[PDB]
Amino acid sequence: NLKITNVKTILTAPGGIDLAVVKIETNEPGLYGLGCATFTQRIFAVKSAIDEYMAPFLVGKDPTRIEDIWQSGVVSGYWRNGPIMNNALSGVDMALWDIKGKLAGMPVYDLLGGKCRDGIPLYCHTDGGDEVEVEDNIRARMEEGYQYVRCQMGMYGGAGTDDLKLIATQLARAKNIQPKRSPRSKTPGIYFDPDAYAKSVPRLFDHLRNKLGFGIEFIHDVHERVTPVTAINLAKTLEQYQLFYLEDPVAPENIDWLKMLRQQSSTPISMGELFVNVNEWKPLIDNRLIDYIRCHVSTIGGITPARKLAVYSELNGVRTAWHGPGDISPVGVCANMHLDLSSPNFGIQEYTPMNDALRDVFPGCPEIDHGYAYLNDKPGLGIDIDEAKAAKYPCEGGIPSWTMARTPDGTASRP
């Protein structure tokens, strides 16, 4: 007669980025589950969604009924399909998977069908103010054993970032990108020039291919920064550089434009870190408009819907590339990886390296060894949280600044 007894939210920032973790307790002594609910920009609203709504929904129920709980949970507020709602559901769903693995004495990847590969290949982020600094940073990552890298010159749209809420790191604006002149007064924002950015990208990859060759795999993230036809043209101009993928050429609001892109370009495309709705990803995958699906697993509602998405992708020849930024807890990192190891159609795993504090707060972080991640074989997600240590890193709260992105004339843009 196993029952959920308690559900709680833990808010912690050991890597300098606000995280939300759900812990689900049961009436079996010592048996609990952990899940990721990290929507970093709205952590307090996520906490409210869990504590005020998911907790009374769950206490008393048999945690082994993961699918029933997910299906009933998703419709429990009637309205649904949003990032706050989905993250609250995810924390619950991953915790239940964690509990199921612990009961079975099996890692989640074994519950899901077992290992389809011997390690998880990773990509990491490289940046710089000019092409030489990017090149230097790639060399350093290659020395560490990375065989795949994302290359940005000036973060997103060439703008860099001063906002530590984004990745806990300041990144330089592109040094030599010359923006258009703005009007005589400016509304506050982080200014960028989408056209100057777009033209800089082929020049960057020309330099990088010249210096580093074609063995190393390259990723570039457009991050919805340009008009769709500009993104199409960029995809075409980048064909010669043979990117592993070109990421987020359009906003989710503009997914129809991928119909045109895919008639003209053979540069591999990834989309979807922003997706929260089946009506965003289903038309893309059904029509083969992408080669990699990029969802943030917690933001689509956890392991249960991510595995459905992985299967839907697999049957259409689309591969997975789950979102792996700084704004994901080590629990969510483990969840991505259990999916990765058990999916036939795994593509790549984006990885943001952790500091000592994250490894200390979350015992059981995956082993990173020469560009591959190696999950432990402990039951469930193989991850724990030290609640006392978590409390040493309280969340900063507040609002980000980087999301106020303005084009030269002052237009508020999708960031």
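All residue numbers are counted from 1 along the displayed sequence.
- Checked against the record, the higher mean CA B factor of 103-111 and 156-164 lies with 156-164.
- Comparing 259-267 with 200-208, the stretch with the higher mean C-alpha B-factor in the PDB entry is 200-208.
- Within the listed group 247, 280, 239, 291, the record reports its top CA B-factor for 239.
- Set against one another, the Cα B-factors of 24, 405, 399, 20 in the record reach their highest point at 399.
- Sort the modelled residues of the chain by CA B factor and residue 308 lands in the lowest third.
- Ranked by Cα temperature factor within the chain, residue 193 sits in the middle third according to the deposited record.
- Sorting the modelled residues of the chain by their CA temperature factor places residue 116 in the lowest third.
- Per the deposited record, the Cα B-factor of residue 72 falls in the lowest third when ranked against the other modelled residues of its chain.
- When the modelled residues of the chain are ordered by their C-alpha B factor, residue 385 lands in the middle third.
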